[PDB]
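Quick setup: the structure tokens below cover two forms of a single protein chain, split into structure 1 and structure 2.
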Structure 1
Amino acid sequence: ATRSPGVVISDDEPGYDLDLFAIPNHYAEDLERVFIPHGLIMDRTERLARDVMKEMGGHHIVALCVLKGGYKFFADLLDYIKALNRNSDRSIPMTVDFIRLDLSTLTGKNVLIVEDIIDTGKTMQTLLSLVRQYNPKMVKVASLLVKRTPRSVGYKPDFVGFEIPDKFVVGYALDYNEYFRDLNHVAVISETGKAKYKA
């Protein structure tokens, strides 16, 4: 719930062609276009980590990961946060948990909920109400990707990595029928790939 919408990727002109970057060859016909390369994600994630310690560094941080199979972004975000802490000459305690949808550990602490993708946003909103119930000092939501979808409730994430168009993306932290885990770029899935690896 802040002004920064993050790195915007418009419907006019999105992403780069597949030939310009290194894609696993078994995914050659399963993707349409690359929206966000792995390294671009890392750079943005590094800035997000500095945004988090800027607004939440005041109290003991509880980093809360959602278990959607996507551990990748949560692990990367935390790595950058730890990188900041090791050069702060104060030893900074931090606890990390996981939620699948005892939380008494959240009382009076800065809670950071980390999400990979936000589409409808009611999965996210549902989690705020449960965490706020345990009376934390503050709750912030980090999201790597926010899709511009008509299924928008109106809820706005605090820390956003990228704002992407309404396409079904896979890669990096997002999978499809447990496929595309070895793909480190965020790319749009094709009709071929959507049918080939269908459940």
Structure 2
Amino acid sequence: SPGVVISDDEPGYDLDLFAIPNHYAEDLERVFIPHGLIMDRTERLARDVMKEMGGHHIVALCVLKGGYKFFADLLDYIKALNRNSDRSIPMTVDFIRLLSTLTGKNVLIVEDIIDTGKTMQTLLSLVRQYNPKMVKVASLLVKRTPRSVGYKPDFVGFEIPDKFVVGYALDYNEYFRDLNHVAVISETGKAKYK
């Protein structure tokens, strides 16, 4: 599964159709991925994670700051799956930004976005040193870009065209993290926070 394939000609949604914070009212252009759609895809990704990794103790590794929202919501759906099934597995958590406890564990890396792939392969190479039982990477967004070194994560929320997006903890110079939707910035917004 390459994830939800969002087309190159995807226009997004008009801001007036959704609830968005007033302080970003002119800094955004379009709602690109609605927060609810993210939840729906995340609920499905949780089931996939549970089918590949639920056979042994999982350590969910959050990649701060961008991934913390996807991380929290993904773990929620996994916990929901685990208190309503008789098939369940314990989970511990850790956080990192760009550790001997990962050895012999099923390590799940939770990331916000993969672009060139450099961040993750750096992260993976570091993790593999401590010899886990398996390493899987869940990435909310994967871009179609020629700058890609060729890396693909194991779990994908949305596959998107090479366009700069913000929201759902993804930032533009630390701004737009306080935004539930994933959106594209206006010409005003970029200038304002550059």
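Here, residue number means position along structure 1's sequence, counting from 1. Here the rigid core means the biggest group of C-alpha atoms that line up within 1.5 Å when the two forms are laid on top of each other.
Summarising the superposition on the core between structures 1 and 2, the listed residues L127, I92, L78, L84 contain exactly one with a Cα shift of 2 Å or larger, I92.
Once the cores line up, the CA of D17 ends up 2 angstroms or more apart between structures 1 and 2.
Superposed on the core, the two forms barely differ at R50: its CA moves less than 2 Å between structures 1 and 2.
For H59, the Cα coordinates differ by under 2 angstroms between structures 1 and 2 after the core has been superposed. Its Cα shifted by 1.8 Å, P150 is compared between structures 1 and 2 on a rigid core fit. Here the rigid core is superposed, and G69 then shows its C-alpha moved by 4.4 angstrom between structures 1 and 2. Per-residue C-alpha deviation between structures 1 and 2, core superposed: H38, 0.5 Å.
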